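Okay, so here's just one chain, in C-alpha cells, the form deposited in one PDB entry.
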C-alpha cells in the first residue's frame, strides 16, 4: 500500500534535511557562493525585496517577498519594511522550508530586508518544528550609527525566535588584518561567513572520521542561546595544537567563555588527519568551558587543504556574558557585591 510503503521509507531516512536561507543583499551573495562551491546535503533558498538582486543570485529556490508593499524595488534600508514584506509572504516562505529538519538563516544585519525578514523566517521555522539556527554579521563601525542601531534591534528580535543565534561582528575583522581597505573588507567578511555556515553544515552532514549524530546536534543547539565563533588553522606539523590555540584566541570569539555549556567543534584537514589530532583539539577546548559542558565534534578531510588543519569553534550559551547596546556588543561587566 502506497501509504504504508511511504511510512516504511521514512524509517529508512538516513540524513538530516538542511535548508539554508539567505535574506537581503549580503545573504543572497552568501547563498550564491554556497550554491556554486557546493554545500554537502543542503538546499539553498534566497529571499529578497529587491528583484534585481534576486535575479543575479544563484540558488535552488528564489522568493521575492513584499510584492505588494515594495514592488521588487528594495526596502531602502528600513527594517519595518523588510518585516512587513516577510509577513506578507509568510505562506511562500513556509512552503519553501516545510520539510526541513534544520534551517539556517543567514544575512548581514544593518539594512532593511535582512534585518527585518530574518526574525520572521526564524519564527516560521520554529513553528514548523525545525531546528532553527541563524548565522549573521553586525556591520563595520565606519558604516555608522544608524546602521548599527538597526542591526542591534534586529539581533534582539531574532534572539526570540531562534534555537541558537551565531553573531560575527565584522568590526573584529580588523584585529585579524589590521590595515585592510574597505575594498577587501567585505571580501574578508564574505570568506568568514562561508566558513562559518559551511563549517557548521558540513560538521552535521559530511561523512568524517567519526560519526556526528543529529540528535546530539539538536540537543546542544536547542538551547544554544547567543553563540560566537573562533577560527584557527596551522600549516606546521604541530598543527592541531596551533589551530586550536589560534581559534581560541580569535578576536571573533570576543567573550569570556569559561562559563559556557555546549560547543560545536569541527576540525578539518588533509588525508593525513587523525582522530588523535581532533581529540587534542577537543580536550584543549573542553578545559576552558564549564566542567559539564556538552561538546559536539567531528573531523573531515578536505582535498583543497593540501597541508593544513583548520579548526572551527562555535561556543554557545554566552548571552549572559554579553551586553547589547545601541552601539554594538560589549563584554558584560558583572555587578560587585
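Shifts are known only where both forms have a C-alpha. Numbering follows the first chain given and starts at 1. Superpose the two forms; the largest set of C-alphas matching within 1.5 Å is the rigid core.
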property	result
Stretch exceeding the other in mean C-alpha B-factor - 82-90, 199-207	199-207
Entry-level comparison of average CA B-factors, 46-54 and 295-303, reporting the higher stretch	295-303
Which of 162, 234, 113, 137 ranks first by CA B-factor in the deposited coordinates	234
Given 228, 180, 121, 220, the residue at which the Cα B factor reaches its maximum	180
Ranked against its chain, the third holding the CA B-factor of residue 310	highest
Where the record places residue 106 (Cα B-factor, split into thirds across the chain)	lowest
Residue 144 by Cα B-factor - lowest, middle or highest third of the modelled chain	lowest
Residue 74, C-alpha B-factor rank within chain (lowest, middle or highest third)	lowest
Cα B factor band for residue 32 (lowest, middle or highest third within the chain)	middle
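There is also a form deposited in another entry; it is not shown, and the following applies to it.
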{"item": "CA-CA separation of residue 128 and residue 7, closer or farther in that other deposited form than in the form shown [shift of 3 angstroms or more]", "value": "farther"}
{"item": "CA-CA separation of residue 128 and residue 8, closer or farther in that other deposited form than in the form shown [shift of 3 angstroms or more]", "value": "farther"}
{"item": "Where the chain shifts between this form and the one not shown once the rigid core is fitted, runs of at least 3 with Cα moving 2 Å or more", "value": "1-15"}
